[PDB]
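So the sequence shown is numbered by the deposited numbering: it starts at -4 and just counts up by one. Just so you know, even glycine gets a beta-carbon here, dropped at the ideal spot from N, CA and C. I have placed the structure first, in the form of structure tokens, so that the comments after it can refer back to it.
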Amino acid sequence: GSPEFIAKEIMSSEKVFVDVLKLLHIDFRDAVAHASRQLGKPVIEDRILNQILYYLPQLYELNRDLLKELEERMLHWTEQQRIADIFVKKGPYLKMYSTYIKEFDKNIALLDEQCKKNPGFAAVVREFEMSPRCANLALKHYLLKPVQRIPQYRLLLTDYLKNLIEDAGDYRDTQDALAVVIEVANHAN
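And the structure:
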């Protein structure tokens, strides 16, 4: 059925998106930590790294849990055809993507500055980008994914709503979830 197919695509694309958040918050951060242990001192100041990886601990925790809830829903779809309440519940936290989007250009410029002016950090970034984990895509490519994810939620939830029955089941929560994600998406303007 169309609603289940679209909900499955929300889940499957969320698996990929959470893997990007892992790449940034866990794998890249671990690479910096590894270089810092090799050197015996931080290769970059924590406060600067955390601004480059802006809100990534919060976003990783938020979407890791969103994903696991979606996975539970899709495993039990026969008995309960609902996903949108999960987005509505997490609304206050999804609003963190608004500041992520609004600060993106400044935080990418900070990444660029730090790679040009801090050679130990530049080396970690380049070696990570060339590693199989990144597959020779720049860190900025992955840091853009949260910006791109919010319009994807909008498209997917709009298609989901189109295939629901009015004022039954997940319909009203899908409307409210769409309102949350549109408010976030507008910060790209």
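| Which residues in the same chain as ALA30 place their Cβ atom closer than 6 angstroms to its Cβ, once the five residues preceding and following it in sequence are excluded? | Along the sequence shown, read from residue 1 onward, the residue named residue 30 stands at position 35. Excluding positions up to five away in sequence, the list reads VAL38 and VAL119.
| Is it true that the CB of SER(-3) sits closer than 8 angstroms to the CB of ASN158? | For the purposes of this step, residue 158 is identified with residue 163 of the sequence shown, where counting begins at 1. For the purposes of this step, residue -3 is identified with residue 2 of the sequence shown, where counting begins at 1. Yes, they are a contact pair.
| With 16 other Cβ atoms within 10 Å as the buried cut-off, status of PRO141 | On the sequence shown, residue 141 is found 146 positions in, with the first residue counted as 1. Buried: at least 16 other Cβ atoms inside 10 Å.
| query | Is the beta carbon of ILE1 less than 8 angstroms from the beta carbon of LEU151? | reply | Sequence index remark: in the sequence shown, residue 1 carries index 6 (1-based). Sequence index remark: in the sequence shown, residue 151 carries index 156 (1-based). Going by C-beta atoms, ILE1 is nearer than 8 angstroms to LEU151.
| query | Since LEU19 contacts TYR137 with CB under 8 angstroms, what's their CB separation in whole angstroms? | reply | To locate residue 19, count along the sequence shown from 1; it is residue 24. To locate residue 137, count along the sequence shown from 1; it is residue 142. Indeed they touch by this definition, with Cβ atoms about 6 angstroms apart.
| message | In this structure, how does DSSP classify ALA172 when only helix, strand and coil are distinguished? | response | Taking the first residue of the sequence shown as 1, we reach residue 172 at position 177. Reduced to three states, the DSSP call for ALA172 is helix.
| request: Taking only the alpha-carbon atoms, compute the straight-line gap between residue 219 and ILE177 and give it to the nearest angstrom. | output: Nothing about residue 219 can be read from this structure; the chain reaches only from -4 to 184.
| request: Kindly list the residues whose CB is nearer than 7 angstroms to the CB of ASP171, restricted to its own chain and excluding five residues on each side of it in sequence; keep chain order. | output: Position 176 of the sequence shown, counted from the start, is the residue given in the question as residue 171. Same-chain partners within the cutoff: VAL83.
| Would DSSP call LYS140 helix, strand or coil? | Counting from 1 along the sequence shown, the entry for residue 140 is found at position 145. Note: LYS140 maps to helix in three-state DSSP.
| If you follow the alpha helix (DSSP H) that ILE43 is part of, which residue opens it and which one closes it? | By 1-based counting over the sequence shown, the position of residue 43 is 48. Segment 41 to 47, the alpha helix (DSSP H) holding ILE43.
| Neighbourhood of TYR148 by C-beta, 7 angstroms cutoff - its chain only, sequence neighbours within 5 removed | Position 153 of the sequence shown, counting from 1, holds the residue named residue 148. Contacts found: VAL176.
| field | Where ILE21 falls, given that 16 or more other Cβ within 10 Å makes a residue buried | value | The residue you call residue 21 lines up with position 26 of the sequence shown. Its Cβ having fewer than 16 others within 10 Å, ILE21 is exposed.
| query | With a CB to CB cut of under 8 angstroms and the five nearest residues on each side skipped, what residues in its chain are close to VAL179? | reply | Your numbering for residue 179 matches position 184 in the sequence shown. Once the five neighbours on either side are set aside, the close Cβ partners of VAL179 are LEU89, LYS90, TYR92, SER93, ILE96 and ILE145.
| request: Kindly give me the distance between the Cβ atoms of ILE47 and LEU106, rounded to whole angstroms, as I take these residues to be in contact under 8 angstroms. | output: Position 52 of the sequence shown, counted from the first residue, corresponds to residue 47. Position 111 of the sequence shown, counted from the first residue, corresponds to residue 106. With 8 angstroms as the limit, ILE47 and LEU106 qualify as a contact, their Cβ atoms being about 5 angstroms apart.
| Coarse secondary structure for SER126, derived from DSSP in three states | Residue 126 sits at position 131 when you count from the first residue of the sequence shown. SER126 falls in the coil class under three-state DSSP.
| Just how far apart, CA to CA, sit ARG59 and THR169? | As a position in the sequence shown, residue 59 is number 64, starting the count at 1. As a position in the sequence shown, residue 169 is number 174, starting the count at 1. Those two C-alpha atoms are separated by around 20 angstroms.
| request: Whole angstroms is fine: what's the gap from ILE81's alpha carbon to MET125's? | output: As a first step, residue 81 is located in the sequence shown; it is residue number 86 there, counting from the start. As a first step, residue 125 is located in the sequence shown; it is residue number 130 there, counting from the start. For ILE81 and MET125, the distance between alpha carbons rounds to 36 angstroms.
| Is DSSP giving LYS63 helix, strand or coil here? | Position 68 of the sequence shown holds residue 63. In the structure shown, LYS63 sits in a helix (DSSP, three-state: H, G or I).
| task | My understanding is that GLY164 touches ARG77, with C-beta atoms under 8 angstroms, so please give their C-beta distance in whole angstroms. | result | Counting from one through the sequence shown, the residue named residue 164 turns up at place 169. Counting from one through the sequence shown, the residue named residue 77 turns up at place 82. Rounded, the Cβ-Cβ distance is 6 angstroms, consistent with contact.
| task | Starting from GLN33, follow the alpha helix (DSSP H) in both directions and report where the run begins and ends. | result | For the purposes of this step, residue 33 is identified with residue 38 of the sequence shown, where counting begins at 1. Unbroken alpha helix (DSSP H) run through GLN33: 24 to 34.
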